[PDB]
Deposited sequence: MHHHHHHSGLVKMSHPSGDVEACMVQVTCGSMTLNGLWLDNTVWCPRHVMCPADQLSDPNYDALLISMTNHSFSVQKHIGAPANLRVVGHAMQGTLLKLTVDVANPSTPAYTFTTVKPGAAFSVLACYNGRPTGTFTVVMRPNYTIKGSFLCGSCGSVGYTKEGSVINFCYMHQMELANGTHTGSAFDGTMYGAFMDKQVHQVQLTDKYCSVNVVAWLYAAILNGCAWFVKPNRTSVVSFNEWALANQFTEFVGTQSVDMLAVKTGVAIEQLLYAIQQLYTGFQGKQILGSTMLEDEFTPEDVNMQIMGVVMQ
């Protein structure tokens, strides 16, 4: 029995109309054109012989408005440039007429968002990821994908949360919020950096076990229970995030009649081994589906 759970991305059309190409010398990447501002990563000002330890403050001071070319596939003339964190704030003389209602927000570990992978300002593909506990994502990015944006949707409002910056040694990726901060402790310099450990997202595993119950698969459900506090002490020693219940998880507990504490106990035993059995066709715990994913895709509850 198929679970009905796919990696679901938002429709990207609203964001595709906001993507441009930002070129600064010998560097090209993607920018996000909202109103009169174009956001893009600041290492577009970096000469290829300086990516390892660049001086972005001196590079910015060296830049003029004629140093930035912005193109949409229209050409946008630049009249202002500023730098917030790892991001450039380019002011263009034309406001984007396709600008959607938008906010900026930072995504927390475990939460999912949609990514629009672009190259030379041309959207190539879209996909959805979960912010890993070590503030990376398991994305699909190649050379020139920087400036690709990640977002969630709330009604007609688009919450921009991620602008792609770099690929770590292990093949995962990270980027910046639109306040300029890189996610985690990473820096936009091409030097080897320490990567924090990854962890199972406990809340996302609980959501996934609820989806199995929602699909009739419930052999793991036993009357035994583990308190949230006892599970969290257990989680610290077993590479699991500590569990924080939400109203979306409560919705899953209500519809199923299975308490969170039962699934916490289930996770503790399933972590020792699936014993040959399978859950939704998987032999390992799944933490890539959020409670909102299970609520929306199985129950039509947004």
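- If you line the structure up with the deposited chain, the stretches without a C-alpha atom are 1 to 5, 79 to 82, 312 to 313.
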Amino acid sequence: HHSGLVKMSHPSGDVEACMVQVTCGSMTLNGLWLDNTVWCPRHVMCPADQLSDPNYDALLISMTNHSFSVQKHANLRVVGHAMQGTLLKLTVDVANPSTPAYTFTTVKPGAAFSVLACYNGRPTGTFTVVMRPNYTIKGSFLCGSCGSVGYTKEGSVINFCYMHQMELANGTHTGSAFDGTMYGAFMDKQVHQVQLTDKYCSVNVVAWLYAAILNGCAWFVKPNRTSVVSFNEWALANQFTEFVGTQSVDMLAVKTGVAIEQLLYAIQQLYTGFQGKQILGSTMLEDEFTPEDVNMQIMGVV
From here on, numbers count along this sequence of modelled residues.
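What we label the rigid core is the largest C-alpha set whose atoms superpose within 1.5 Å from one form to the other.
- Fitting each structure in 8 other deposited structures of this protein onto the rigid core and averaging C-alpha distances over structures and residues, 166 to 174 emerges as the more displaced of 203 to 211 and 166 to 174.
- Averaged over structures and residues, the CA distance from the shown form in 8 other deposited structures of this protein after a core fit is larger for 220 to 228, of the two stretches 220 to 228 and 141 to 149.
- Stretches 26 to 34 and 49 to 57 differ in mean C-alpha B factor, with the higher average recorded for 49 to 57.
- Looking at 182 to 190 and 141 to 149 together, the entry lists the larger mean B-factor for 182 to 190, computed on C-alpha atoms.
- Based on the entry's C-alpha B-factors, the most elevated value among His73, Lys108, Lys89, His173 belongs to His73.
- In the deposited entry, the Cα temperature factor of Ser9 sits in the bottom third of values across the chain's modelled residues.
- Sort the modelled residues of the chain by CA B factor and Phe243 lands in the middle third.
- Ranked by Cα temperature factor within the chain, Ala259 sits in the middle third according to the deposited record.
- Among the modelled residues of the chain, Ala17 sits in the lowest third by CA temperature factor in this PDB entry.
- Placement of the Cα temperature factor of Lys222 within the chain: highest third of the modelled residues, per the deposited record.
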